[PDB]
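K.L.:
need a structure here:
(chains A, B, C and D, ligands or ions: 6)
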4 protein chains.
Amino acid sequence: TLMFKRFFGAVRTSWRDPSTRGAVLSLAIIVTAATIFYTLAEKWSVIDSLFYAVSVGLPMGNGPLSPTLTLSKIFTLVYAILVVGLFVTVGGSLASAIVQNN
Amino acid sequence: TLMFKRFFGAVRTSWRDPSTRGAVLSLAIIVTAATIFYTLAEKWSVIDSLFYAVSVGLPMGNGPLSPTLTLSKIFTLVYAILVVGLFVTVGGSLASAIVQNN
Amino acid sequence: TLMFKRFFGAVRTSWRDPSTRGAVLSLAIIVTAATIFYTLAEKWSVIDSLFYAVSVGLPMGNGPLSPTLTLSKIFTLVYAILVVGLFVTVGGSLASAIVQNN
Amino acid sequence: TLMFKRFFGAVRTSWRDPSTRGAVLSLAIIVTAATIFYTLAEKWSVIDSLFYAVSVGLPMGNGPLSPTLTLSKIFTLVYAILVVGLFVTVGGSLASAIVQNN
Ligand SMILES: [Ca+2]
Ligand SMILES: [Ca+2]
Ligand SMILES: [Ca+2]
Ligand SMILES: [Ca+2]
Ligand SMILES: [Ca+2]
Ligand SMILES: [Ca+2]
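P.N.:
Numbers count the residues shown, from 1 in each chain, chains lettered A, B, ... in the order given. Ligands and ions are numbered 1, 2, ... in the order given. Sharing the structure here:
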């Protein structure tokens, strides 16, 4: 039942490009690295990993998932300051691209 | 006595319009879209279903509520990336409207 | 040992005023209401209520507490969208006023 | 394997300076003061104390950790309103900083 959101969401507003949404490319790399780490550091599954990853840069909210080891705890601190930005502008450009599509 | 909030709130300052507080229009569809999905997929009640939908763009804070199923995990990201921007500009406009309302 | 911050921060940086930090008045007024509701509606203590109030618009996070009544659940939903923008601007003005203090 | 994030990230683009990244200074002093407080009041390990201290500026989400004493609740409100804007402006400057590196 998500077909409306996936196709008319974070695939629709992608096909709308200036140069400083090279930030969605930067997000991709910090989010995927983060996902790669959380799977391996924290033992979690991919989806749970990508969930927690995105959860530290948006208001969204980690479920049960949160770090348990010093390594991932510190990593989350370092990553948390880097991704906070990339999300913010991707949310903004993505948001206007909704209203420009109406 | 939630009245003075809902009435001197979402109703009162929600009627200060440019062309671009048609964001509220874009929002209402996206919160609604999410609420239908959460009710049906996650099986939650409408209010709790809405509670989670409004949670993923705002610092409000999701309850015990988090997605338990893969679709509800996946969908929560795609929705969460788009709405977070929609939530903000609307939240700014209303806040802007409270200050010039005294 | 917080006597340092309360004087050095919370009551430091407010003693600096433009036109727009009329926004503190409105934020002040929104939070007092919200707290009163929770103590009265949701039975919690003044701080636990006052903490949840501040939890919803800033990212800090509520620990244990989450509203349990359908009534208080909506109250937070409505109250959430109003207060967030006031949080932004008082939080932003106040932070710049630290940097102009170094 | 966080080395790739730590060196390629929260120091590699941390050292990209205008006048207005004097906030990173102000962040370091306030983030430190909090961590000291949280270590002392809340009994927590320094790491966890730093994990909560950052959790409240950023979208991260504290773990199962949260202020359980009244002082530490009283403290967190005052500190969250001060430190949130600093996390914000640094998050952008750091964000602009990854994109300027392409
Ligand atoms: Ca949050
Ligand atoms: Ca989160
Ligand atoms: Ca949370
Ligand atoms: Ca939230
Ligand atoms: Ca919060
Ligand atoms: Ca947070």
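K.L.:
Identify the residue nearest the geometric centre of chain A.
P.N.:
Centroid check for chain A by CA atoms, centre = their mean gives residue A:54 as the closest residue, at 3.7 Å.
K.L.:
Helix, strand, or coil at that one?
P.N.:
Of the three states, residue A:54 takes helix according to DSSP: H, G, I helix; E, B strand; the rest coil.
K.L.:
who touches it in this structure?
P.N.:
A:31, A:60, A:87, B:77, B:80-81 (CB atoms under 8 Å, 6 or more residues apart in numbering or on different chains). The C-beta positions use only the backbone N, C-alpha and C, and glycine is treated the same way.
K.L.:
Narrow the residues you listed to those that are buried.
P.N.:
Listed as buried from the contacts of residue A:54 are A:31, A:60, A:87, B:77, B:80-81; burial here means 16 or more other CB atoms under 10 Å in any protein chain shown.
K.L.:
So which of those residues is the closest to residue C:102?
P.N.:
When those are ranked by distance to residue C:102 (CB to CB), residue A:87 comes first, at 28.0 Å.
K.L.:
Does the closest one fall in a helix, a strand, or a coil region?
P.N.:
The local conformation at residue A:87, judged by three-state DSSP, is helix.
K.L.:
Please tell me how far the closest residue to it other than its chain neighbours sits from residue A:71.
P.N.:
Using CB to CB, 6 or more residues apart in numbering or on different chains and skipping residues adjacent in sequence, the residue nearest residue A:87 is residue A:57, 4.1 Å away. In this view, residue A:57 and residue A:71 are 19 Å apart by CB to CB, to the nearest Å.
K.L.:
for residue A:31, same thing?
P.N.:
Residue A:31 is 19 Å from residue A:71, by CB to CB.
K.L.:
what number of residues lie near whichever residue of chain A sits closest to chain D?
P.N.:
Residue nearest to chain D within chain A: residue A:85 (2.2 Å; CB to the nearest CB). Other residues near residue A:85 come to 25 when the count uses other CB atoms under 10 Å in any protein chain shown.
K.L.:
got the contact list for the nearest residue to it once chain neighbours are set aside?
P.N.:
Once flanking residues are discounted, residue A:85 sits nearest to residue D:95: 2.2 Å by CB to CB, 6+ apart. With contact set as CB under 8 Å, 6+ apart, residue D:95 has these partners: A:23, A:26, A:82, A:84-86, A:88-89.
K.L.:
The closest residue in space to residue A:51 that isn't next to it in sequence: which element?
P.N.:
Distance criterion CB to CB, 6+ apart; nearest residue to residue A:51, sequence neighbours excluded, is residue B:73 at 5.7 Å. Per DSSP states H and E: residue B:73 is located in helix B:70-99.
K.L.:
Check the offset of that helix from the chain's centre.
P.N.:
When distances are taken as CA atoms, centre = their mean, to the nearest Å, helix B:70-99 is centred 6 Å away from the chain's centroid.
K.L.:
In chain A, which residue sits nearest ligand 3?
P.N.:
Of all residues in chain A, residue A:61 sits closest to ligand 3, at 3.8 Å by CB to the ion.
K.L.:
How about the contacts made by residue A:87?
P.N.:
Counting by CB under 8 Å, 6+ apart, residue A:87 touches A:27, A:54, A:57-58, B:81, B:84, D:59.
K.L.:
Would you mind measuring from whichever residue of chain A sits closest to chain B to residue A:102?
P.N.:
Among all residues of chain A, residue A:95 sits closest to chain B, at 2.5 Å; criterion: CB to the nearest CB. Note on residue A:95: its distance to residue A:102, by CB to CB, is 12 Å.
K.L.:
Surely residue A:77 and residue D:49 touch.
P.N.:
No: the criterion here is CB atoms under 8 Å, and residue A:77 misses it with residue D:49 at 11.7 Å.
K.L.:
what residues does chain A put near chain B?
P.N.:
For chain A, the contact set with chain B under CB under 8 Å from any CB of the partner chain comprises A:1-2, A:4-6, A:9-10, A:13, A:47-48, A:50-51, A:54, A:58-64, A:87, A:90-96, A:98-99, A:102.
K.L.:
Buried members of those into ChimeraX, please.
P.N.:
To isolate in ChimeraX the members of these that are buried, counting by 16+ other CB under 10 Å, one can use:
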select /A:2,5,9,10,13,48,50,51,54,58,59,60,61,62,63,87,90,91,92,93,94,95,96,98,99
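K.L.:
how about the residues of chain A that lie near ligand 2?
P.N.:
A:55, A:60-61 (CB under 5 Å from the ion).
K.L.:
Quick one: residues in contact with stretch A:30-43.
P.N.:
Contacts of stretch A:30-43 (CB under 8 Å, 6+ apart): A:44-46, A:48-50, A:52-54, A:56-57, A:67-69, A:71-72, A:75, A:79, A:82-83, A:86, D:1-2, D:4-5, D:98.
K.L.:
hmm, back to that, how about the contacts of residue D:95 in TSV, adding distance to ligand 1?
P.N.:
Shown next, in TSV, are these (distance: CB to the ion, whole Å):
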residue	distance to ligand 1
A:23	21
A:26	21
A:82	17
A:84	11
A:85	15
A:86	16
A:88	13
A:89	18
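K.L.:
So what's the gap between the host helix or strand of residue A:33 and the chain middle?
P.N.:
Secondary structure from DSSP H and E places residue A:33 in helix A:23-42. In terms of CA atoms, centre = their mean, the centre of helix A:23-42 is set 8 Å apart from its chain centre.
K.L.:
contacting residues around the nearest residue to residue A:52 once chain neighbours are set aside?
P.N.:
Residue nearest to residue A:52 in three dimensions, not counting chain neighbours: residue A:65, with 4.5 Å by CB to CB, 6+ apart. For residue A:65, the contact set (CB under 8 Å, 6+ apart) comprises A:44, A:48, A:51-52, A:55.
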